[PDB]
């Protein structure tokens, strides 16, 4: 029954576990995890317990064990195929992103603008969206959607028909996709607006 927020905190806990490891720390605790993640110790334990990670009495959690557990729950211990649709300014930027990690592998780059289709990129070349159906099935599970707002939906349509499994949407719009498809939004205009609201209303936050 896990709430959507918990999953986002796990992600944060895991990032924290990676930093602890790099520092050579073997054991951590809910108190420490909470301090570094800005949430109550109780919350940390509540989140972890959802999935069965409890740790050891008066000792806490073993860093590498919890890390293995979280990376498994979050599916980060798999290799996911990725693609970018919309090789504009942001798309080209994400193509050169050096922090995808070992968990996410760019296996395609697509666009409809002929000026872009054919252009060489790190990891390959830009292909026309028309080729999505002979590139996605069994090769690309996630697609980063980076096209203008007025084109996102239609692009998502191609993606879905092509057999995509998940879409990370950067367009400021709500995509209509079948329920077998996962969608997650990265809308920074909304983020900017929430910041504006928060600046004017300090007691709120």
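Positions refer to the first chain, counted from 1.
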| On average, which has the higher Cα B-factor in the deposited entry, 75-83 or 112-120? | 112-120
| query | Which is higher in the entry, the mean Cα B factor of 45-53 or that of 166-174? | reply | 45-53
| task | Could you say which of 181, 192, 14, 25 has its CA atom at the highest B factor, as listed in the PDB entry? | result | 25
| request: Report the option among 62, 146, 153, 30 whose CA atom has the maximum B-factor in the deposited record. | output: 30
| request: Using the B-factor values recorded in the entry, state whether the Cα atom of residue 34 falls in the lowest, middle or highest third among the modelled residues of its chain. | output: middle
| task | Could you say whether, by C-alpha temperature factor, residue 130 belongs to the lowest, middle or highest third of its chain? | result | lowest
